[PDB]
Amino acid sequence: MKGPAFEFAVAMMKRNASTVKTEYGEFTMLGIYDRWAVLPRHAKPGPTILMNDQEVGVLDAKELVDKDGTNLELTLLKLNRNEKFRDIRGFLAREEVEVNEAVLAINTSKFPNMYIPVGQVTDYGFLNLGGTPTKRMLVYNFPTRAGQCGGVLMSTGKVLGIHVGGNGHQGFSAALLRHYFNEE
Amino acid sequence: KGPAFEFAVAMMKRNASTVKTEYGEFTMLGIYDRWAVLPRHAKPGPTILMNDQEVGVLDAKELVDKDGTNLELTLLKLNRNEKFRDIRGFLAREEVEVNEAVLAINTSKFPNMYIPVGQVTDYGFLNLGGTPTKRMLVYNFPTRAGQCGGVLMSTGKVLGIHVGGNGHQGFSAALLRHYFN
Ligand SMILES: *[C@@H](CC(=O)OCC)[C@H](C[C@@H]1CCNC1=O)NC(=O)[C@@H](CC(=O)[C@@H](NC(=O)c1cc(C)on1)C(C)C)Cc1ccc(F)cc1
Ligand SMILES: *[C@@H](CC(=O)OCC)[C@H](C[C@@H]1CCNC1=O)NC(=O)[C@@H](CC(=O)[C@@H](NC(=O)c1cc(C)on1)C(C)C)Cc1ccc(F)cc1
Ligand SMILES: [Cl-]
Ligand SMILES: [Mg+2]
Ligand SMILES: [Mg+2]
């Protein structure tokens, strides 16, 4: 609900977010640093994506799992483009973030530049999501809709995670942690 | 953009509802007492569905200027016991222009969504949906069906109500203080 959180969110989406289509559907994508970006794992990007209606090559993809192989529901993508993202790694936490007030930001054809005050975010942990055991889920209560996956969950100076699932009035993000961007 | 969003979220929580008529689903802003506003195109009947509940309409006034020109707003007096928080002090005497506005929507398609639409210009006259219409405010963003009744706001100001557009251009009817007496 906070002004500064929305101010932060809008600036973040303007600088680093895009609309991406894969063979599996349309998503919000967040650039992280250099040419590295993130999508929900179920976006299932191939060797070419559509980024703001433009064909972009994918040079590497990394589907994130924990040390025991459990799904984290995020895929990191290295893009064949010459433009670089603003390095936003400093806005990513070392561990799953909780906040009193978060904003979920969506950038797709269905929801072009929409911001939703989702209220409190709780570190929920384990969830069987779409039939897949998944960890490091953040939960929040708002009226969820199809097409919001990839939405960026934020608060002032904080990128918490990426929207990946939900049902009815409950939404879940995969926590977006800083160490995910280290080879190890 | 921050202060505009903060003002907008509080306004919607307190004064906005979702309304269904034969002509679709709308965001509806309550103004004071039992008086609310809808786009004229909503064409409310003697009853409306407000947050999924049947609510009687006691009076409906389709606003026109002194020469009968469409303003694209209908004021409705609702048969409800609850009074709206009085927000008339946030309404200007004339059409407002700002560098940064937020458009706020609350429907089943767009439940509690806020859009940074940037600059708002007093465009004036427009032939909208075939009807000559005045006091149009214009802003540039990717417009969508189901956003009518959306509340256009800036820091400490309610500017207008979304009534139309096409492609990447949206229009609000200016919400002027004198409309409410
Ligand atoms: C986003 C995907 C999308 O629409 O992109 C365009 C192709 C979508 C968002 C949810 C739909 C309804 N509300 C949402 O927030 N995500 C999905 O559809 C994932 C699957 C789910 O969310 C399931 N939900 C649950 O399992 C669930 C469990 C609980 C307690 O709450 N929800 C569906 C039954 C809706 C996609 C997905 C994610 C991860 C996977 F391993 C497989 C599939
Ligand atoms: C909201 C009402 C609704 O029922 O949802 C759509 C079915 C809707 C919003 C616009 C739809 C697309 N973009 C929008 O912002 N409003 C309308 O559909 C009105 C009609 C229009 O907006 C027309 N647009 C124009 O005439 C126009 C002209 C210019 C320069 O830019 N746009 C349509 C061609 C989209 C409803 C309306 C208003 C007044 C009337 F007299 C009749 C109908
Ligand atoms: Cl009545
Ligand atoms: Mg193909
Ligand atoms: Mg400007």
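Participant: Give me the domain arrangement of chain B: which residues, what numbers.
Facilitator: Residue and element names in this part refer to chain B. Annotation of chain B at the domain level lists domain 1 (1-15 + 85-181) and domain 2 (16-84). Here the C-alpha centre of domain 2 lies 16 Å away from the C-alpha centre of domain 1. Contact with domain 1, which involves 36 residues of that partner, is made by 23 residues of domain 2. For the pair domain 1 and domain 2, the number of links is zero salt bridges. Only α1 (2-15), β7 (98-105), β9 (131-139), β11 (157-166) and β12 (169-174) provide two or more residues apiece to the side of domain 1 that touches domain 2.

Participant: Quick rundown of the UniProt feature "binding site: Mg(2+)" (unreviewed entry) in chain B? Include the residues and the values.
Facilitator: All names here are of chain B. UniProt annotation of "binding site: Mg(2+)" (unreviewed entry) refers to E100 when read in the numbering used here. With respect to the secondary-structure elements, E100 resides in strand β7. Not counting the four nearest positions on each side in its chain, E100 is found in contact with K1, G118 and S154. Within the local environment of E100, its side chain forms a polar contact with the side chain of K1, the two groups lying 3.1 Å apart.

Participant: Run through the pairing of strand β2 (residues 25-33) of chain A, naming residues and quoting values.
Facilitator: All names here are of chain A. Judged by how many residues are buried, β2 sits mostly within the fold: seven of nine residues are covered. With six bridges connecting them, strand β1 (residues 17-22) and β2 associate as antiparallel partners. Its bridge partner lying in β2, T22 is registered against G25. Relative to strand β3 (residues 36-40), β2 is paired through three bridges, and the arrangement is antiparallel. Within the sheet, the bridge partner assigned to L30 lies in β3 and is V38. Here β2 folds back onto β3, and the loop between the two strands holds two residues, one of which, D34, carries a positive phi near 45 degrees.

Participant: How would you explain the packing of helix α1 (residues 3-16) of chain A against α1(B) if you had to name every residue and give the values?
Facilitator: The geometry of α1(A) relative to α1(B) is characterised by a closest axis approach of 7 Å and an angle of 125 degrees between their N-to-C directions. The angle between α1(A) and α1(B) falls in the class oblique. Seen along the crossing, α1(A) lies across α1(B) with a hand that is right-handed. Of the residues in α1(B), those touching α1(A) at A:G3, A:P4, A:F6, A:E7 and A:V10 are B:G2, B:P3, B:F5, B:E6 and B:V9. Of the residues belonging to the contact of α1(A) with α1(B), the class tally is six nonpolar, two polar and two charged.

Participant: Can you explain α1(B)? Please cite residues and give values.
Facilitator: Counted at 1.5 Å a residue, the expected span for α1(B) with its 14 residues is 20 Å, and the 20 Å between its end C-alpha atoms agrees. Taken as a whole, α1(B) has its buried residues at B:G2, B:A4, B:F5, B:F7, B:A8, B:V9, B:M11, B:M12 and B:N15.

Participant: Give a detailed account of the interface of chain A and chain B, specifying residues and quantitative values.
Facilitator: Every contact between the two is made by 19 residues of chain A and, on the other side, 18 residues of chain B. Between chain A and chain B the total buried area reaches about 1,500 Å² when both faces are included, carbon and sulfur atoms providing 67% of it. In this structure, the connection of chain A to chain B is made through zero salt bridges. For the interface between chain A and chain B, the tally reads six residue pairs in polar contact. Its residues placed into classes, the side of chain A that touches chain B shows eleven nonpolar, four polar and four charged.

Participant: Which residues make up the site of ligand 1, and what are the values?
Facilitator: All names here are of chain A. Close contacts around ligand 1 come from 20 residues, with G130, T144, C149, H163 and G166 the closest. Between ligand 1 and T144, the relevant distance is 3.0 Å, taken from a nitrogen atom to a side-chain nitrogen or oxygen of the residue. The separation between an oxygen atom of ligand 1 and a polar side-chain atom of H163 is 2.9 Å. When the free accessible area of ligand 1 is taken as 890 Å², the share hidden by the protein chains comes to 68%. If you list the elements that add at least two residues to the shell around ligand 1, you get β2, β8 (114-129), β11 (158-167) and β12 (170-175).

Participant: Hey, could you go over the domain arrangement of chain A for me, with residue numbers and the actual values?
Facilitator: Residue and element names in this part refer to chain A. On domain assignment, one finds that chain A holds domain 1 (1-16 + 86-184) and domain 2 (17-85). Here the C-alpha centre of domain 2 lies 16 Å away from the C-alpha centre of domain 1. Taken together, the contacts link 34 residues of domain 1 with 25 residues of domain 2. Carbon and sulfur atoms make up 64% of the area that domain 1 and domain 2 hide from each other, which totals about 2,500 Å². For the pair domain 1 and domain 2, the number of links is zero salt bridges.

Participant: Describe the UniProt feature "binding site: Mg(2+)" (unreviewed entry) in chain A, with residues and values.
Facilitator: Residue and element names in this part refer to chain A. The feature "binding site: Mg(2+)" (unreviewed entry), as given by UniProt, occupies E101 in the numbering adopted here. Mapping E101 onto the fold places it in strand β7 (residues 99-106). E101 gets classed as partly exposed once you look at its relative accessible area, which sits at 25%. Apart from the residues lying within four places of it in its own chain, the contact partners of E101 are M1, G119, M154 and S155.

Participant: Describe the environment of B:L128, listing the residues and the values that go with them.
Facilitator: All names here are of chain B. One can find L128 in strand β8 (residues 113-128). Take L128: its relative accessible area is 15%, and that puts it in the buried class. For the pair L128 and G164, spaced 36 residues apart in sequence, the C-alpha separation works out to 7.3 Å. If we ignore the near neighbours within four places in the chain, the residues touching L128 are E72, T133, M136, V163, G164 and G165.

Rules of the game
- Residues numbered from 1 in each chain as written, not as in the entry; some residues may be left out.
- Chains lettered and ligands numbered in written order.
- Heavy atoms only, no water.
- Domains from an automatic or database assignment.
- Contact = heavy atoms within 4.5 Å.
- Salt bridge = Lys/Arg side-chain N within 4 Å of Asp/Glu carboxyl O.
- Helix = DSSP H or I, 4+ residues; strand = E, 2+ residues; numbered from the N terminus.
- UniProt positions renumbered as here; feature names shortened; annotations may be inferred.
- Polar contact = N/O pair within 3.5 Å; in protein donor to acceptor, adjacent residues only side chain to side chain.
- Buried < 20%, exposed > 50% of the residue type's maximum accessible area, 1.4 Å probe, protein only.
- Pairing = 2+ DSSP bridges.
- Axes fitted to C-alpha atoms, helices over the stretch in contact; angles between N-to-C directions.
- Parallel < 35°, antiparallel > 145°, perpendicular 65-115°, else oblique.
- Left-handed = near helix turned anticlockwise from the far one by under 90°.
- Nonpolar A, V, L, I, M, F, W, Y, C, P; charged D, E, K, R; others polar.
- Expected span 1.5 Å × (residues − 1).
- Buried area = accessible area lost by both parts, 1.4 Å probe.
- Near = heavy atom within 4 Å.
- Areas by Shrake-Rupley, 256 points an atom, 1.4 Å probe, with all protein chains shown as cover.

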